[PDB]
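# coords below, sequence missing:
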């Protein structure tokens, strides 16, 4: 059944997004490939490879956010590409409130490619824009 | 072997990008799934599905010229996911010249997911950011 | 039957939006109530009533450029036998006669009511 | 009577707005469906679903300045026994620490459905000019 | 019988608004008092008196308009002050299109005081804001 | 010319009314302004609002809480009948901030008065500026 | 009587403003003292003396008028100073329409001092601003 | 004689300007008519009547003066209108220094109409601008 | 008070000099202004320039090539001696562009006159504005 | 003997400029006529008369300055008009530093008319521009 | 002798710069390696490989410049790296004049790496900034 | 073989970049020629020679911290010119976080020419652009 | 005589400036060294050498508006028999098609060397404030 | 001897520039003429004469931040036995006490004259 496999990718992507917002680099480093490639706003239009580029935010910005946030995932589409591969597409809304009573919402679009290596799904590439 | 698979994906992508810049929707529609999903600047942050969104450009803008353009593909990385699936990521430079001989270069980052369906490689999803 | 009703409202809505982009006021005036209420950017923050406010655009704008519309994440609330709500985002691709493309996005709520066995749009809310 | 039901929906909407402006989430969460859908400025052009998106503001800003709300030009569409839609403009008067007055205007559409004998708000659309 | 009087004030105002949009000064000058007082955006914050201030627009602006427009009257409230006096207030939406073809909507808020002088309803004072 | 006294009564009530506004005296204001008054004013954001609640909000949060001086210019009074009158005038408000810098604000005001039960009540007004 | 003299000063002023708008320098030069002083925006904060400074606009602007206008005199206040002197204070609204068809309104504040010299009323000083 | 009256109007004006700068409202209220009219920048293009509008600045600004100033009266011109009336026109330079120590100069143009009422000279109208 | 006539002569020459400037009459100007005149003026960019060449350039390229009116205000004349005088005044120049829009420009001028050979010559001047 | 008279006017002007920069009003008031006419940037385009206009700066600005400054006189030209009259013109550079420590240079152009009244040279008129 | 080799690199760089300013792609294509790498302002911060990226300007902008120009080469430093390799560094000033009488100067800094392949010096990499 | 030579250059460059970010001038001065030439943003478009220009940063800015930074090297291409010379070209991404937890990414493009002098590889020239 | 040589250099500089402003390259190229060095705004902060950089302007803009040049505060440093340096400010008056006047100021240093008995300008530095 | 003279002027010039960056007015006042003329940005387009104009900066600025100077493309015109001109660009690296570096560039001409057997700077021109 494929609908079961769509649910696992969604489950894993939720798990991955939770690890980013809570600064839990240990879960992140187990779900994302050590040779992950990516495009994202901080990569300044370059394809960057490796976890260290992202570990830098877990060390300095994600683990040190005092602000409360709420994340919403919109329109999750999962392409089951085979028995060992999948692609998930979704928009991500982050609500936040700063030192004042001033709230803001930010939107990102994300593509994440999951691959089954060993018997484990690992995110081998992602593209983020917003 | 792996290298040949990477070359096949790079060829398909080269031919896919060729059809776009040429305005050759006949080749585009054979390479891109009819239920393709995608993120691109013109989707305004939304995941749009289907070919009609892109066909709009083949019939009204990609048909148009005579501006000369040269396209350069940079740093293409191909993930071979399985026998039936692959992902390619690359940057795209477009050189152009407007009226009065002023040259500009534009850069796009692209993720294309490829899937073998019926023995044929089809682009089931892509993600573009400026 | 829950999904049948959803598809029926999505059909009517597609039909309505086509009538807007075509400039086909005959179809629009048959699907939209003569006493429709609405919020839209041109109403300038006011609730306006009646088709005339909208007929103005069919007569002086919409009947005059290629475009393509996309309806995103349509959700239909089935409200009973004779009522439904549909809400969606709408992307309008267009060109400026100079060869440049633009995409505009609007958010739409439309309330459908079955009056005399016919589905009519009695209220809609459009924002950007 | 149509007059009677129109008034019921207006009173449900006043009760709901009061719960929003006072930070009373228990009342809000009983009037708004757990799977509510909505468009509002903070949804950034998206259709968002569920209470959590709104509960975020009850927990982090709403339970905090004097204000007065006015409901302008309310129109209630009665849609059968168990459904109604109401649309109106909402004027919010407020004063900052500086004692400076300020009026904000929003336009709202709220779809109400009677579920389990209770009137629940299943979708709302909020915008500003 | 007050709802009778209200529908008459509304009809007169509609007739008045129509004479403005169409540039029919003959109908305007029969409905508006020759010594009408008014506040409006073109009066620059001043209470102006007399028709001559307004006739200036019928003879220059309100005539030369060939642009299509549609007028909507919103939230009309009529205060029936007595047998010989009434007051009406409303918002007025004006849609229009460019020669380029782009549309815009303008909003004004209008108060109009009507007095029965002789046997006719005359607009003796009006107030307009919003630009 | 028996009506010249009738225009002095309106002027006196209007001055009494504006006095109530600038001193924060809601009790006098509520006696002079109809409970179902309609109005346009800059703080209504272009909308016709009804009732005293909209205006009581300023008496409770801004007007009772800096030195000011108010001038009424070119007051014209229209006598419409035995039970109805209309007055229109411009209002200059001078003020000074904390820093000691002077400021003058101008508003145009139309006020409609109606005799109800032998008492002149302000049933509609329109303010711009 | 007091009100007749007010009416006279107002009449002279209306006559003077009419001469200004229609470019009629013959009437202006009979009503305005040859050694008139004045403050006006074109005097750049200076008190200017003589008719020549004003004749300049009659010969180059006021008579080259190619635009329709209407003038309104607001809240005229006359100070009857003596037998042979008066002062009038008023605001002047000028409505006009540009070449395209767009209307505008300008406001000026004016003080005019009138003196009866040789049995004839002459404007000996005026002060204009916006 | 003509020059003695000019000297008198100038003297009254200097006396009046001194009362303005030192916040001396007792002298101001004896020299300025209780029904004085005026145009000045704080009247927002309106002709305002009465002393109360001006008393406001004596009680809240002119008497709260905490800055040194010097006033110069430039090119005073007196029109002797009759026995009981005069008009004076002049420019007023006000030098001052801010809290830090930076000097500035402001210019105003003033017309003042004086009337002899009950044998005493009273300023019945004035027009100020910049 | 024999010197009051001496100040009228300076005034007459100055008016004659400014007349020569506005009419483009270099011949009169060159007779009234010293051949080794020194000056500050806005077109000298803050520098002291010497000689007539700098100013002849305007007579040849701008002043002889639009209607204008010139007003001289508050002319003060200083009589320094039998052979020397100084005059200072403000100058208002009104003009109108092609479009018909009016314009007024202000300049402050000091002019130093010296009797050389029984003839008053302008040996230094200073213009600002 | 004219070059003699020029060096004296230059010395007087240097004495005058020094009394300005140092805020010594006693020396200023002995060199500047009590009815001195002047044009300067603080006069806002007007010819002002009398010392009182300038004494205002000696008593507020030209005193309270503790900033270091250096003054340079450039291109001084002296017109010797006669025995009792002379004119001098020059550019004046003023350097100065902030409390922050940043330097700036300002330039003014100055004309000064000197008259021998009695047996003393008095500055009867001056013109300053450039700001 | 090395000073002779410095002169050949300078001679070749002059020859190369002449071919760019005159639009002579044929000389350019013989002096620059078909697998040349480069950084330059139009590469938008990317390393681009190949001649086609540059051929695009010869076809569209360099061969179609009507404007006259003068080139000046400042501070040419030549590093002789070996018998088959050299590096030359210099600043390049381009004077030009547009349709009007308006002249302008632009400055670029250039590094060019020359390699001896066969018996011919070819430019195998260049970096341009400005 | 070729690959080892490319690895040696990439190692030297890695060690060179390490010394810069660390502030370790002792290692920098051993890798960079004493007569090194260079173009960089801080040279304001000029070719500067010698180490003292760069030593200024080791003693006054690279010594400073405690801002965390991560550096990423992208697309390194190494030209092996001969036995005694090589050229490496790459892009450099620097992630950083200022006070208040705001992250920024900066990109630089770099050309470094390497020469074997006395059996030791020395960076004789480099070219940096932002 | 020092006065005599100072005058020679000033006249060489007037001749050179005249050749620049009239477009007379034959005269310029005989007064300016073929290996001249220079700083000027168009050199963009660089020391440029040779005539070609300047000949570019003779061929493409200079041979084209009335102008008057003034040399201000010339100072000549006599540096032995065969060398001198002169520094001065140059004011250029000009008029555009619109008949609008305009003054530009440059500061210049020119080093003159007697080579082959002829005075040649071997280096110049030009700036503007 | 042509190059010896060039190196002598480059030595003196380096020595002069060090005296500026050090705030060492004693050395500066020995290498620069008491009647030096100059153009520099602070002279505001004027030719100024004398050391006092420059002493102002030694007393209120230069004697108060780390910096490094670089002299670029120095060219010396040997003008005779007793005169030379040197022109060069000058880069001044500095920090703002907040940790940020800046580079400023100036273009300098300096005229050296041998008076009494000693080289003195009689004129200099500085622009940016």
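Alright, I've got the coordinates. Residues are numbered from 1 along each chain as shown, chains lettered A, B, ... in the order given.
# gap between the host helix or strand of residue A:34 and the chain center?
For residue A:34, the host element (DSSP states H and E) is strand A:32-39. Its chain's C-alpha centre and that of strand A:32-39 lie 11 Å apart, by Cα atoms, centre = their mean, to the nearest Å.
# need the next SSE after it, C-terminal direction.
Defined by DSSP H and E, the subsequent element after strand A:32-39 is strand A:48-49.
# can you give me the helices for chain A?
For chain A, helices defined by DSSP state H occupy the ranges A:2-21, A:25-31, A:52-57.
# so which of these is the most surrounded?
Of all the helices of chain A, helix A:52-57 carries the top mean neighbour count, a mean of 19, counting by mean count of other Cβ atoms under 10 Å in any protein chain shown. C-beta: built from backbone N, CA, C; applies to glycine.
# does chain L have contacts with that one?
Yes: counting by Cβ under 8 Å from any Cβ of the partner chain, chain L has neighbours in helix A:52-57: A:52-53, A:55-57.
# wait, which of these is closest to residue B:70?
Distances from residue B:70 to these, taken as Cβ to Cβ, are shortest for residue A:53 (30.5 Å).
# residues touching residue A:96, list them.
A:67-69, A:103-106 (Cβ atoms under 8 Å, 6 or more residues apart in numbering or on different chains).
# for the closest residue in space to residue A:69 that isn't next to it in sequence, give its distance to chain I.
In space, and not counting its chain neighbours, residue A:69 is closest to residue A:96: 4.8 Å by Cβ to Cβ, 6 or more residues apart in numbering or on different chains. Shown here: residue A:96 relative to chain I, a distance of 54 Å by Cβ to the nearest Cβ, to the nearest Å.
# kindly report the same for residue A:58.
Counting by Cβ to the nearest Cβ - residue A:58 and chain I are separated by 61 Å.
# can you add distance to chain M and give the helices of chain A back as TSV?
Output for the helices of chain A, formatted as TSV (distance: least, Cβ to the nearest Cβ, whole Å):
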stretch	distance to chain M
helix A:2-21	48
helix A:25-31	49
helix A:52-57	38
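# centroid-nearest residue for chain A?
residue A:17 (4.8 Å; Cα atoms, centre = their mean).
# I am assuming it contacts residue A:72, so please confirm or correct that.
No: using Cβ atoms under 8 Å as the test, residue A:17 is too far from residue A:72 to be in contact (10.4 Å).
# between the two, which contacts overlap?
Common neighbours of residue A:17 and residue A:72 (Cβ under 8 Å, 6+ apart) are residue A:92.
# distance of whichever residue of chain A sits closest to chain L from residue L:63?
Going by Cβ to the nearest Cβ, chain L is nearest to residue A:56 of chain A, at 4.2 Å. The gap separating residue A:56 from residue L:63 is 22 Å, by Cβ to Cβ, to the nearest Å.
# how about stretch A:120-130, does it reach chain B?
Yes: applying Cβ under 8 Å from any Cβ, one finds stretch A:120-130 in contact with chain B at A:124-125, A:127, A:129-130.
# make CSV out of the residues you listed and add neighbour count and distance to residue G:24.
Output for those, formatted as CSV (neighbours: other Cβ atoms under 10 Å in any protein chain shown; distance: Cβ to Cβ, whole Å):
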residue, neighbour count, distance to residue G:24
A:124, 20, 89
A:125, 27, 84
A:127, 26, 77
A:129, 21, 70
A:130, 15, 69
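# excluding covalently adjacent residues, which one is nearest to the residue nearest to the centre of chain A?
residue A:71 (6.3 Å).
# go ahead and confirm that neighbour touches residue A:22.
No: contact criterion Cβ under 8 Å: residue A:71 and residue A:22 do not qualify, at 10.4 Å.
# check contacts around whatever residue of chain A ends up closest to chain D.
Residue of chain A nearest chain D, by Cβ to the nearest Cβ: residue A:70 (4.2 Å). By Cβ under 8 Å, 6+ apart, the contact set of residue A:70 is A:94-95, D:52-53, D:56.
# for the residue nearest to the centre of chain A, give me its contacts.
A:71, A:73, A:92.
# emit the ChimeraX select command for whichever of those are buried.
The following ChimeraX line selects those of these that are buried, judged by 16 or more other Cβ atoms under 10 Å in any protein chain shown:
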select /A:71,92
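# just the ones in strands from the contacts of residue A:17, please.
A:71, A:73, A:92 (DSSP state E).
# paired strands for the strand holding residue A:34, with orientation please.
strand A:48-49 (antiparallel), strand A:120-129 (parallel) (DSSP bridges).
# from the rest of the structure, what touches it?
So strand A:32-39 is in contact with A:16, A:45-51, A:53-54, A:115, A:117, A:122-129, B:77, B:79, B:89, B:109, B:111, B:127, B:129, going by Cβ under 8 Å, 6+ apart.
# thought residue A:123 was touching residue A:16?
Yes: here residue A:123 reaches residue A:16: they are 6.3 Å apart, a contact under Cβ under 8 Å.
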